[PDB]
Amino acid sequence: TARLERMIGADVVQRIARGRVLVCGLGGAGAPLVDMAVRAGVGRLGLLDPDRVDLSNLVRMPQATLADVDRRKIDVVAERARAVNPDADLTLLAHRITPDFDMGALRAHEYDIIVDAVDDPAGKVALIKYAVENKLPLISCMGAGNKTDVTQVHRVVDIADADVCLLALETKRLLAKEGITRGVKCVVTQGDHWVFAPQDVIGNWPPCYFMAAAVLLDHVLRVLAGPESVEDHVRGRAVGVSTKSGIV
Amino acid sequence: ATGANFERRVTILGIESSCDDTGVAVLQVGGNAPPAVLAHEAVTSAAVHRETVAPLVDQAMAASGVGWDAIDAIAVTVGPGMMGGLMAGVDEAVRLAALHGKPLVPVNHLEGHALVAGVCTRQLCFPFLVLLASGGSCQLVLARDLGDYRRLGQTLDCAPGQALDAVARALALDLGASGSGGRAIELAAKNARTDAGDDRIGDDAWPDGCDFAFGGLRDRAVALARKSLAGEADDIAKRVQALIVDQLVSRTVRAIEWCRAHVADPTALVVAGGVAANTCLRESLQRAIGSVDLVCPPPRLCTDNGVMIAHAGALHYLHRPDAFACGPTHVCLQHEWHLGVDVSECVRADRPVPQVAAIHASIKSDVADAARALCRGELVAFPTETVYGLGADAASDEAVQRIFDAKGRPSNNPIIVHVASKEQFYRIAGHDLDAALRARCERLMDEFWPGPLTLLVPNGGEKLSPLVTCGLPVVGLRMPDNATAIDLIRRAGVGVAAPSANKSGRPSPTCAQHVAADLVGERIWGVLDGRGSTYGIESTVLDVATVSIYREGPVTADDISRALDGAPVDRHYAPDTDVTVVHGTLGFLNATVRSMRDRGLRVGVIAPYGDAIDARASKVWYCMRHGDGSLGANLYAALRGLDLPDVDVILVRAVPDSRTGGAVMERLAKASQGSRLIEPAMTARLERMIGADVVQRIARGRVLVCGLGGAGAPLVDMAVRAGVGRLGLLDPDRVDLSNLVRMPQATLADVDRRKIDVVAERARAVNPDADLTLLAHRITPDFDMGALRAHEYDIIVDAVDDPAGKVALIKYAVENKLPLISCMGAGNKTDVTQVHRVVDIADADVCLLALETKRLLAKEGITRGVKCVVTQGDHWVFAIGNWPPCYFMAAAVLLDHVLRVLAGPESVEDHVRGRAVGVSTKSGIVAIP
Ligand SMILES: [Mn+2]
């Protein structure tokens, strides 16, 4: 990984490399985020998912193959990450996220940045509660299922301003019932979210999950570097800007 | 008659894998000598089991040193036990057998325990009783004959071992592991002192007897509360030990009295399991039983070790040397097998236990025995869908004449030969697929042949008896429907010529009992059990060549006329168990097994030995493809062998090839109105979101991803996973350490390898039926081959880093009116807020590489209507860096555009709007049907 160091300072490069991130719910915007992180140069990862991959999980994550069906999600994701970078520090957790288990929460506060991608809203609100109570830096992605639009993309806003997305509204209601309404960050589209018909649905327009993966990648890179406004780092490291015509 | 009374002093390799303890033995029996433990390697300390199964057998072979060629069996356990351990052991025994041509002997764990506790003991006659301990199967069985075990009693609630462990925990006197607690509790009996202490203490005892056979656990439940609060409770331990011994000996002597009353009296009191170390129990049993002698094996042969499996396999192989000849088939890995006939308290009390008259000498089941009888020419009577069959091997004049004499031979008549396979029919009719007209008979096979369809094939050679034919065309070779008949014919040779069982003037065969009565005095192998042969309405003759329908039956010419071709005229099978066909991959089968087992239903899976059900299938049947695989006959055999009342459902995985299993058997099984399960496709969520026809259209689409230095590789991943079919690549370069970030299809052990090849093999791995037409080649001036393939292909999306190649391809596309969208500027950008745009390049803002391409296209001559993907954000000069989010974002935008083009009218927007029943916009949730 040298083009990133060509872009941003090396100090930031080994700040990200000496970075620890925990990913919950590898059944959506998490596993592609895992690929992006391990290729960017991220070190410790905190994968946490008890399910096994399916063909729908095959279309979701890059770390999968028709020969990998029914294999544990964490196993496939970790082996692919190690293939990308043998020097990695992947950590298997399993640890289904029913609202009773909290040793994974012990490991969570042990970590640095917590990424939430739990497909179950109950698990999502449990993680948000735990992180808010322990003041941990948490990013709660509401996924990208049932979304269609691409002109407007996911942007990191507070849970107070969460809107439109059905999952975002459900998590907002659950958190307000629990008593927290502004502490946690979130990643929402603010775009059309079809409800479809009861058949269980899900959604999964293929570009939308990679939309979410890219946005989560960007936010994880923002928070993994020691707070410096990495835009400022590029400004002080690069030469041209090229907004209107080009500024040195 | 259990140690050694046979010739052929054989050495057997026993492997046991049912419980946590893994053991392998090389026992040797035979001649007139006691068995000798040549090697007894074992490990008690599943992934660990599968890891250790091979080192243990290898080390046992090394230590034995007798010879890997002297071993004549690989006898392994398939009886009750942990399912994963059973699969590992069986999958380790079958590997050895296949690699070294040794017959495989499946044995039962309980039978193994009984026989191992029967080892040594100088002489032990076979009429002996067993007291199987060490598990939740504390059973009283009587070994009337080898394989004739009758289960007199079984513990209804709990075993003595659990009670001893619970009492030890209550007293905290574990003192080791497993039976060590029981050893300590038995040691605690101090005779007079503990008896006086118990007399002083209150104690408690209330088993009150459980029916007559056996059973008790209330004493342990009372003892839990008795010893939870008390302190020094040596007297309580002595009391519970004495009460357990009293119950055991009482039920044992009751069973002995009952069996001596109504059946053959026992000659030993073999006790298995870990309770045999109980000195008090042994003394009480010896004092109580009297004439019958108590047999107690050493504890080394009680903790589920390989010696029992070796000895049981040895006894089975010696008893029936004709069986277990050379080939393993019917490898059924059960989880709850039991040990034979059940009688229990009431049937033991009344005494006779029903009755089977000597007239009813029908040898039910034992399909292998009937198959060998047919091979030797012995007459075998088996049931079919039509009249109860009675026949022998076709390629034997003596056998068919014997059949005729058995039924009296009123005449010869046309005699139908029953055949069950594709290969046997071809071989017996005319070989080499008969002629070019065989395309109709194969269709008849795949449509109706299992059942009452009588293909009057005109023969062509092979070997047929003159008596069976009674004409120039051979009589109507037919697949029967009764699964026993299909199994017998599959295990038979060329075919089975079974006219009928009609020795009397009025046949009325119907059930197996009636035909057995009609043939009380005969020289025949036996009669198989009747499974519903009462539907004797005959079949339909369907002469293949001149499609002529002779005397007809159930099938009727209407459905034989599926494609007309003229129809000149001159119920069905039903498994008792809920058979379910699983369509998809092995992963979906394992997921279905796990999920359905978690629902409480117990499952029986039918799969070839190559497959591997995960851990949770109750009974696993391995087809063991040996000859040429199911072909229907193996599938019927497996279905019959898993029709046990225990199993709730049977899962059969229909392979996508659907070539070996060519028959209507799977079609009939899947037609049970819910028995068919289809794995959700890779685009299952996509087909949920947009119509199936839309996803099919995307699949039929083509893409011409150019140089994959930029967003080409992620785009290829997205397209392949989304369902795109034909693709093309135009990047003749090799990956590098820096290139690793932009490639999702890359590993550190891939550097300097061709990028196009890596992407192609990853795409083929994700989708097998993915048509890739790798072009390679550099910018390729004049792109003649590239131009022709662009004509053949569809949207020609490019990510060429070289500005010249990009503009050359854009010029070609605009001059030839081909659909094009580019990406150009994707690196050196920082902000992800706006790095996504689909605009014509004439409208493109700074995106510096977009300006470069703009100038070059303006110099080329035309720039109005070519699409592009510009950032519209911040393009830092940096005196060619990248932001990892930005490349994947651009890949997502390119994927969106590709699927918009590959959709058609108004694309995914109107497609979902027609499909979806409601939209949650930025204001409210509007619903439109
Ligand atoms: Mn056992």
# chains A, B, ... in the order shown; residues from 1 in each chain; ligands from 1

$ select_by_dssp --residues "range 325-484 of chain B" --states "strand (DSSP E or B)" --output "PyMOL selection string"
chain B and resi 331-333+341-342+380-382+389-393+417-418+450+453-454+478-479

$ write_last_selection --atoms "C-alpha atoms" --output "compact mmCIF listing (two decimals), in the first residue's frame"
# COMPACT_ATOMS: atom_id res chain seq x y z
CA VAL B 331 -23.28 -47.11 4.63
CA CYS B 332 -25.97 -45.78 6.97
CA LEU B 333 -24.59 -43.55 9.74
CA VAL B 341 -36.64 -56.55 18.96
CA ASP B 342 -38.46 -54.72 21.75
CA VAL B 380 -36.46 -65.72 -4.60
CA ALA B 381 -40.03 -64.43 -4.21
CA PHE B 382 -40.26 -60.65 -3.98
CA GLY B 389 -43.30 -61.75 -8.17
CA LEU B 390 -41.46 -65.06 -7.93
CA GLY B 391 -38.37 -65.53 -10.06
CA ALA B 392 -34.64 -66.10 -10.40
CA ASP B 393 -31.77 -64.99 -12.61
CA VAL B 417 -37.94 -60.01 -17.01
CA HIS B 418 -37.53 -57.37 -14.30
CA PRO B 450 -40.36 -47.14 -12.95
CA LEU B 453 -44.64 -49.82 -17.96
CA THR B 454 -43.64 -52.92 -19.96
CA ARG B 478 -39.58 -53.67 -16.77
CA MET B 479 -38.67 -51.64 -13.72

$ interface_residues --of "chain B" --to "chain A" --cutoff "6 Å" --atoms "only C-alpha atoms" --output "ChimeraX atom specification"
/B:587,681-682,685,689,721,738,741,747-748,766,874-879,881-882,885,889,892,896,916-922

$ write_last_selection --atoms "N, CA, C and O atoms" --output "short mmCIF file (atom, residue, chain, number, x, y, z; two decimals), in the first residue's frame"
data_model
loop_
_atom_site.label_atom_id
_atom_site.label_comp_id
_atom_site.auth_asym_id
_atom_site.auth_seq_id
_atom_site.Cartn_x
_atom_site.Cartn_y
_atom_site.Cartn_z
N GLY B 587 -23.89 -26.65 0.24
CA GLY B 587 -24.06 -25.68 1.31
C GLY B 587 -25.51 -25.48 1.69
O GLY B 587 -25.85 -25.42 2.87
N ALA B 681 -31.27 -18.19 -5.46
CA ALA B 681 -30.17 -17.98 -6.38
C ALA B 681 -29.23 -16.90 -5.85
O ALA B 681 -29.49 -16.24 -4.84
N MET B 682 -28.10 -16.72 -6.54
CA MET B 682 -27.14 -15.69 -6.14
C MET B 682 -27.77 -14.31 -6.21
O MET B 682 -27.44 -13.43 -5.41
N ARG B 685 -32.04 -11.87 -3.80
CA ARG B 685 -32.48 -10.56 -3.32
C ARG B 685 -32.71 -9.61 -4.48
O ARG B 685 -33.64 -8.79 -4.45
N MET B 689 -36.09 -7.65 -5.56
CA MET B 689 -36.24 -6.21 -5.78
C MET B 689 -36.78 -5.89 -7.17
O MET B 689 -37.66 -5.03 -7.30
N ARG B 721 -21.25 -10.77 -9.63
CA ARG B 721 -22.13 -11.12 -8.52
C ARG B 721 -23.57 -10.72 -8.79
O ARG B 721 -24.50 -11.42 -8.37
N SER B 738 1.28 -1.99 -4.99
CA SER B 738 0.43 -0.80 -4.94
C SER B 738 -0.92 -1.04 -5.60
O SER B 738 -1.92 -0.42 -5.20
N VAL B 741 -4.69 -2.41 -3.68
CA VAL B 741 -5.81 -1.72 -3.04
C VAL B 741 -7.04 -1.71 -3.95
O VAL B 741 -8.16 -1.98 -3.50
N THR B 747 -4.63 -11.26 -3.91
CA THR B 747 -4.00 -11.74 -2.69
C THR B 747 -2.52 -11.39 -2.76
O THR B 747 -1.98 -11.10 -3.83
N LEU B 748 -1.86 -11.39 -1.60
CA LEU B 748 -0.43 -11.13 -1.59
C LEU B 748 0.34 -12.17 -2.39
O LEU B 748 1.38 -11.87 -2.97
N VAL B 766 -16.76 -17.30 -8.72
CA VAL B 766 -18.03 -16.78 -8.21
C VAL B 766 -19.20 -17.35 -9.01
O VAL B 766 -20.21 -17.77 -8.43
N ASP B 874 -12.86 17.37 -5.53
CA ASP B 874 -11.53 17.96 -5.39
C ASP B 874 -10.50 17.02 -5.99
O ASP B 874 -10.29 15.92 -5.48
N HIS B 875 -9.84 17.47 -7.05
CA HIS B 875 -8.78 16.70 -7.71
C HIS B 875 -7.44 17.32 -7.33
O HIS B 875 -7.02 18.32 -7.91
N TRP B 876 -6.78 16.72 -6.35
CA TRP B 876 -5.51 17.26 -5.87
C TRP B 876 -4.39 16.87 -6.83
O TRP B 876 -4.28 15.72 -7.25
N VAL B 877 -3.54 17.85 -7.16
CA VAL B 877 -2.45 17.63 -8.10
C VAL B 877 -1.35 16.82 -7.43
O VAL B 877 -0.84 15.85 -8.01
N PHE B 878 -0.98 17.22 -6.21
CA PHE B 878 0.06 16.53 -5.43
C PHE B 878 1.38 16.45 -6.21
O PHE B 878 2.08 15.44 -6.16
N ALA B 879 1.70 17.53 -6.92
CA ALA B 879 2.93 17.62 -7.72
C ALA B 879 3.07 16.46 -8.70
O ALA B 879 4.14 16.23 -9.25
N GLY B 881 -2.00 9.43 -6.68
CA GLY B 881 -2.54 8.85 -5.47
C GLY B 881 -4.00 8.48 -5.62
O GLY B 881 -4.64 8.71 -6.65
N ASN B 882 -4.54 7.89 -4.56
CA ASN B 882 -5.94 7.48 -4.58
C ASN B 882 -6.50 7.42 -3.16
O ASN B 882 -5.75 7.23 -2.20
N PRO B 885 -11.90 4.71 -0.58
CA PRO B 885 -13.36 4.86 -0.77
C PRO B 885 -13.75 5.35 -2.16
O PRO B 885 -14.78 4.91 -2.68
N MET B 889 -16.43 3.76 -4.77
CA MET B 889 -17.60 4.58 -5.05
C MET B 889 -17.82 4.72 -6.56
O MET B 889 -18.95 4.58 -7.05
N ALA B 892 -19.16 1.58 -7.89
CA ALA B 892 -20.59 1.47 -7.62
C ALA B 892 -21.41 2.29 -8.61
O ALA B 892 -22.46 1.84 -9.08
N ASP B 896 -24.15 0.93 -11.26
CA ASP B 896 -25.49 1.48 -11.40
C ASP B 896 -25.80 1.79 -12.85
O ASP B 896 -26.87 1.43 -13.35
N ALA B 916 -42.90 -2.89 -6.23
CA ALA B 916 -43.10 -2.48 -4.85
C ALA B 916 -44.49 -1.89 -4.66
O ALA B 916 -45.10 -1.34 -5.59
N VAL B 917 -45.00 -2.00 -3.44
CA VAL B 917 -46.34 -1.55 -3.09
C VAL B 917 -46.31 -0.28 -2.25
O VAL B 917 -47.36 0.14 -1.74
N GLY B 918 -45.15 0.34 -2.08
CA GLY B 918 -45.06 1.56 -1.30
C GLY B 918 -43.67 2.17 -1.29
O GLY B 918 -42.67 1.45 -1.33
N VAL B 919 -43.61 3.49 -1.24
CA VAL B 919 -42.35 4.23 -1.28
C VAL B 919 -42.30 5.14 -0.06
O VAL B 919 -43.27 5.85 0.23
N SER B 920 -41.18 5.12 0.65
CA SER B 920 -40.94 6.03 1.77
C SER B 920 -40.01 7.13 1.26
O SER B 920 -38.79 7.01 1.30
N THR B 921 -40.61 8.22 0.78
CA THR B 921 -39.86 9.32 0.19
C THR B 921 -39.28 10.19 1.30
O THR B 921 -39.30 9.85 2.48
N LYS B 922 -38.75 11.36 0.91
CA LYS B 922 -38.18 12.29 1.87
C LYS B 922 -39.24 12.92 2.77
O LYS B 922 -38.89 13.52 3.79
#

$ residues_around --residues "range 123-136 of chain A" --least-positions-apart "5" --cutoff "9 Å" --atoms "only C-alpha atoms" --output "list in words"
residues 24, 25, 97, 98, 99, 105, 108, 109, 112, 113, 114, 116, 117, 118, 142, 171, 172, 174, 175, 178, 180, 183 and 184 of chain A

$ residues_near_ligand --ligand "ligand 1" --cutoff "9 Å" --atoms "only C-alpha atoms and all ligand atoms" --output "JSON, numbers by chain"
{"B": [18, 19, 80, 81, 109, 110, 112, 113, 132, 133, 134, 135, 137, 273, 302, 303, 304, 305]}

$ select_by_dssp --residues "range 20-226 of chain A" --states "helix (DSSP H, G or I)" --output "PyMOL selection string"
chain A and resi 31-40+55-60+66-68+73-84+103-110+121-133+159-161+166-178+206-224

$ residues_around --residues "range 455-465 of chain B" --least-positions-apart "4" --cutoff "7 Å" --atoms "only C-alpha atoms" --output "list in words"
residues 394, 395, 396, 397, 427, 428, 429, 430, 469, 473, 474, 475, 476, 477, 478, 541, 542, 543 and 544 of chain B

$ write_last_selection --atoms "N, CA, C and O atoms" --output "PDB file, in the first residue's frame"
ATOM      1  N   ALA B 394     -32.274 -64.445 -14.919  1.00  0.00           N
ATOM      2  CA  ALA B 394     -32.710 -64.733 -16.282  1.00  0.00           C
ATOM      3  C   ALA B 394     -31.709 -65.615 -17.017  1.00  0.00           C
ATOM      4  O   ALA B 394     -32.103 -66.534 -17.745  1.00  0.00           O
ATOM      5  N   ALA B 395     -30.415 -65.358 -16.839  1.00  0.00           N
ATOM      6  CA  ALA B 395     -29.375 -66.063 -17.592  1.00  0.00           C
ATOM      7  C   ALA B 395     -29.070 -67.424 -16.961  1.00  0.00           C
ATOM      8  O   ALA B 395     -27.927 -67.766 -16.661  1.00  0.00           O
ATOM      9  N   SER B 396     -30.133 -68.209 -16.765  1.00  0.00           N
ATOM     10  CA  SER B 396     -29.991 -69.555 -16.211  1.00  0.00           C
ATOM     11  C   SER B 396     -31.237 -70.351 -16.598  1.00  0.00           C
ATOM     12  O   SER B 396     -32.324 -70.095 -16.073  1.00  0.00           O
ATOM     13  N   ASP B 397     -31.065 -71.305 -17.519  1.00  0.00           N
ATOM     14  CA  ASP B 397     -32.175 -72.171 -17.905  1.00  0.00           C
ATOM     15  C   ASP B 397     -32.621 -73.041 -16.737  1.00  0.00           C
ATOM     16  O   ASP B 397     -33.821 -73.279 -16.545  1.00  0.00           O
ATOM     17  N   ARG B 427     -27.377 -53.474 -21.820  1.00  0.00           N
ATOM     18  CA  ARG B 427     -26.560 -54.673 -21.956  1.00  0.00           C
ATOM     19  C   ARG B 427     -27.401 -55.882 -22.343  1.00  0.00           C
ATOM     20  O   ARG B 427     -26.976 -56.704 -23.163  1.00  0.00           O
ATOM     21  N   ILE B 428     -28.597 -56.008 -21.769  1.00  0.00           N
ATOM     22  CA  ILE B 428     -29.385 -57.213 -21.989  1.00  0.00           C
ATOM     23  C   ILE B 428     -30.173 -57.135 -23.291  1.00  0.00           C
ATOM     24  O   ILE B 428     -30.471 -58.169 -23.899  1.00  0.00           O
ATOM     25  N   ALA B 429     -30.517 -55.933 -23.758  1.00  0.00           N
ATOM     26  CA  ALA B 429     -31.350 -55.844 -24.957  1.00  0.00           C
ATOM     27  C   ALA B 429     -30.518 -55.999 -26.227  1.00  0.00           C
ATOM     28  O   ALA B 429     -30.648 -56.992 -26.950  1.00  0.00           O
ATOM     29  N   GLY B 430     -29.630 -55.045 -26.495  1.00  0.00           N
ATOM     30  CA  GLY B 430     -28.852 -55.095 -27.717  1.00  0.00           C
ATOM     31  C   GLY B 430     -27.470 -54.486 -27.621  1.00  0.00           C
ATOM     32  O   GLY B 430     -26.792 -54.330 -28.642  1.00  0.00           O
ATOM     33  N   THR B 469     -38.412 -66.131 -23.254  1.00  0.00           N
ATOM     34  CA  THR B 469     -38.824 -65.294 -24.376  1.00  0.00           C
ATOM     35  C   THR B 469     -40.133 -65.782 -24.990  1.00  0.00           C
ATOM     36  O   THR B 469     -41.124 -65.044 -25.030  1.00  0.00           O
ATOM     37  N   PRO B 473     -38.904 -61.309 -30.334  1.00  0.00           N
ATOM     38  CA  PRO B 473     -38.637 -60.182 -29.430  1.00  0.00           C
ATOM     39  C   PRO B 473     -38.674 -60.637 -27.981  1.00  0.00           C
ATOM     40  O   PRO B 473     -39.548 -61.406 -27.573  1.00  0.00           O
ATOM     41  N   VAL B 474     -37.710 -60.153 -27.196  1.00  0.00           N
ATOM     42  CA  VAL B 474     -37.685 -60.494 -25.781  1.00  0.00           C
ATOM     43  C   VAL B 474     -38.870 -59.830 -25.091  1.00  0.00           C
ATOM     44  O   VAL B 474     -39.363 -58.777 -25.518  1.00  0.00           O
ATOM     45  N   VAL B 475     -39.338 -60.454 -24.014  1.00  0.00           N
ATOM     46  CA  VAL B 475     -40.537 -60.014 -23.312  1.00  0.00           C
ATOM     47  C   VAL B 475     -40.199 -58.689 -22.632  1.00  0.00           C
ATOM     48  O   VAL B 475     -39.030 -58.288 -22.581  1.00  0.00           O
ATOM     49  N   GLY B 476     -41.206 -58.008 -22.094  1.00  0.00           N
ATOM     50  CA  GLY B 476     -41.126 -56.599 -21.768  1.00  0.00           C
ATOM     51  C   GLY B 476     -40.348 -56.237 -20.520  1.00  0.00           C
ATOM     52  O   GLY B 476     -40.928 -56.051 -19.446  1.00  0.00           O
ATOM     53  N   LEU B 477     -39.023 -56.187 -20.657  1.00  0.00           N
ATOM     54  CA  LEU B 477     -38.120 -55.717 -19.612  1.00  0.00           C
ATOM     55  C   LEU B 477     -38.702 -54.512 -18.883  1.00  0.00           C
ATOM     56  O   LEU B 477     -39.042 -53.502 -19.503  1.00  0.00           O
ATOM     57  N   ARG B 478     -38.818 -54.626 -17.560  1.00  0.00           N
ATOM     58  CA  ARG B 478     -39.585 -53.670 -16.773  1.00  0.00           C
ATOM     59  C   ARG B 478     -38.885 -53.341 -15.461  1.00  0.00           C
ATOM     60  O   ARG B 478     -38.296 -54.210 -14.815  1.00  0.00           O
ATOM     61  N   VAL B 541     -48.036 -53.036 -22.101  1.00  0.00           N
ATOM     62  CA  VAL B 541     -46.976 -53.419 -23.027  1.00  0.00           C
ATOM     63  C   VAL B 541     -46.838 -52.329 -24.080  1.00  0.00           C
ATOM     64  O   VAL B 541     -47.830 -51.904 -24.683  1.00  0.00           O
ATOM     65  N   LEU B 542     -45.605 -51.874 -24.301  1.00  0.00           N
ATOM     66  CA  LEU B 542     -45.329 -50.654 -25.057  1.00  0.00           C
ATOM     67  C   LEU B 542     -44.193 -50.894 -26.056  1.00  0.00           C
ATOM     68  O   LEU B 542     -43.161 -50.225 -26.012  1.00  0.00           O
ATOM     69  N   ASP B 543     -44.359 -51.903 -26.913  1.00  0.00           N
ATOM     70  CA  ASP B 543     -43.358 -52.270 -27.910  1.00  0.00           C
ATOM     71  C   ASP B 543     -42.711 -51.032 -28.516  1.00  0.00           C
ATOM     72  O   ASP B 543     -43.393 -50.166 -29.072  1.00  0.00           O
ATOM     73  N   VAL B 544     -41.384 -50.953 -28.395  1.00  0.00           N
ATOM     74  CA  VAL B 544     -40.684 -49.691 -28.609  1.00  0.00           C
ATOM     75  C   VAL B 544     -40.673 -49.307 -30.082  1.00  0.00           C
ATOM     76  O   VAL B 544     -40.972 -48.160 -30.437  1.00  0.00           O
TER      77      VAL B 544
END

$ residues_around --residues "residue 575 in chain B" --least-positions-apart "2" --cutoff "9 Å" --atoms "only C-alpha atoms" --output "list in words"
residues 573, 577, 578, 579, 639, 640, 643 and 669 of chain B

$ closest_residue --among "B:655, B:880, B:497, B:591" --to "residue 608 in chain B" --atoms "only C-alpha atoms"
B:655

$ decode --residues "range 132-151 of chain A" --atoms "N, CA and C atoms" --output "PDB file, in the first residue's frame"
ATOM      1  N   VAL A 132     -22.868   4.168  23.781  1.00  0.00           N
ATOM      2  CA  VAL A 132     -23.214   5.457  24.368  1.00  0.00           C
ATOM      3  C   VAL A 132     -22.936   5.456  25.865  1.00  0.00           C
ATOM      4  N   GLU A 133     -23.284   4.365  26.553  1.00  0.00           N
ATOM      5  CA  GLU A 133     -23.031   4.288  27.987  1.00  0.00           C
ATOM      6  C   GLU A 133     -21.539   4.330  28.287  1.00  0.00           C
ATOM      7  N   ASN A 134     -20.728   3.675  27.459  1.00  0.00           N
ATOM      8  CA  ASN A 134     -19.290   3.630  27.678  1.00  0.00           C
ATOM      9  C   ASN A 134     -18.526   4.641  26.832  1.00  0.00           C
ATOM     10  N   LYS A 135     -19.230   5.565  26.176  1.00  0.00           N
ATOM     11  CA  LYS A 135     -18.615   6.646  25.400  1.00  0.00           C
ATOM     12  C   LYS A 135     -17.642   6.096  24.358  1.00  0.00           C
ATOM     13  N   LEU A 136     -18.051   5.028  23.701  1.00  0.00           N
ATOM     14  CA  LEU A 136     -17.158   4.515  22.676  1.00  0.00           C
ATOM     15  C   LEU A 136     -17.487   5.129  21.318  1.00  0.00           C
ATOM     16  N   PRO A 137     -16.478   5.346  20.471  1.00  0.00           N
ATOM     17  CA  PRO A 137     -16.750   5.868  19.125  1.00  0.00           C
ATOM     18  C   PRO A 137     -17.398   4.816  18.242  1.00  0.00           C
ATOM     19  N   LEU A 138     -18.687   4.977  17.961  1.00  0.00           N
ATOM     20  CA  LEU A 138     -19.463   3.985  17.232  1.00  0.00           C
ATOM     21  C   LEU A 138     -20.085   4.616  15.996  1.00  0.00           C
ATOM     22  N   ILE A 139     -20.063   3.881  14.889  1.00  0.00           N
ATOM     23  CA  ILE A 139     -20.703   4.287  13.644  1.00  0.00           C
ATOM     24  C   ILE A 139     -21.725   3.214  13.305  1.00  0.00           C
ATOM     25  N   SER A 140     -22.999   3.584  13.308  1.00  0.00           N
ATOM     26  CA  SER A 140     -24.092   2.638  13.114  1.00  0.00           C
ATOM     27  C   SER A 140     -24.619   2.795  11.693  1.00  0.00           C
ATOM     28  N   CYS A 141     -24.233   1.871  10.821  1.00  0.00           N
ATOM     29  CA  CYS A 141     -24.748   1.852   9.462  1.00  0.00           C
ATOM     30  C   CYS A 141     -26.093   1.144   9.419  1.00  0.00           C
ATOM     31  N   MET A 142     -27.100   1.833   8.890  1.00  0.00           N
ATOM     32  CA  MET A 142     -28.423   1.250   8.726  1.00  0.00           C
ATOM     33  C   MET A 142     -28.541   0.420   7.458  1.00  0.00           C
ATOM     34  N   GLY A 143     -27.421  -0.010   6.889  1.00  0.00           N
ATOM     35  CA  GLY A 143     -27.449  -0.838   5.705  1.00  0.00           C
ATOM     36  C   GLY A 143     -27.873  -0.069   4.475  1.00  0.00           C
ATOM     37  N   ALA A 144     -28.145  -0.829   3.418  1.00  0.00           N
ATOM     38  CA  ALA A 144     -28.561  -0.254   2.154  1.00  0.00           C
ATOM     39  C   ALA A 144     -29.657  -1.050   1.462  1.00  0.00           C
ATOM     40  N   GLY A 145     -30.249  -2.033   2.132  1.00  0.00           N
ATOM     41  CA  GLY A 145     -31.327  -2.783   1.521  1.00  0.00           C
ATOM     42  C   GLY A 145     -32.525  -1.902   1.227  1.00  0.00           C
ATOM     43  N   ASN A 146     -33.197  -2.210   0.117  1.00  0.00           N
ATOM     44  CA  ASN A 146     -34.396  -1.547  -0.384  1.00  0.00           C
ATOM     45  C   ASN A 146     -34.112  -0.171  -0.972  1.00  0.00           C
ATOM     46  N   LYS A 147     -32.881   0.326  -0.895  1.00  0.00           N
ATOM     47  CA  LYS A 147     -32.547   1.583  -1.543  1.00  0.00           C
ATOM     48  C   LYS A 147     -32.325   1.365  -3.037  1.00  0.00           C
ATOM     49  N   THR A 148     -32.528   2.429  -3.812  1.00  0.00           N
ATOM     50  CA  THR A 148     -32.374   2.336  -5.258  1.00  0.00           C
ATOM     51  C   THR A 148     -31.508   3.456  -5.819  1.00  0.00           C
ATOM     52  N   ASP A 149     -31.564   4.626  -5.193  1.00  0.00           N
ATOM     53  CA  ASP A 149     -31.015   5.839  -5.778  1.00  0.00           C
ATOM     54  C   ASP A 149     -29.508   5.931  -5.579  1.00  0.00           C
ATOM     55  N   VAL A 150     -28.852   6.573  -6.542  1.00  0.00           N
ATOM     56  CA  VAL A 150     -27.405   6.737  -6.529  1.00  0.00           C
ATOM     57  C   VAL A 150     -26.974   8.196  -6.626  1.00  0.00           C
ATOM     58  N   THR A 151     -27.806   9.082  -7.181  1.00  0.00           N
ATOM     59  CA  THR A 151     -27.426  10.487  -7.306  1.00  0.00           C
ATOM     60  C   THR A 151     -27.127  11.104  -5.946  1.00  0.00           C
TER      61      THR A 151
END
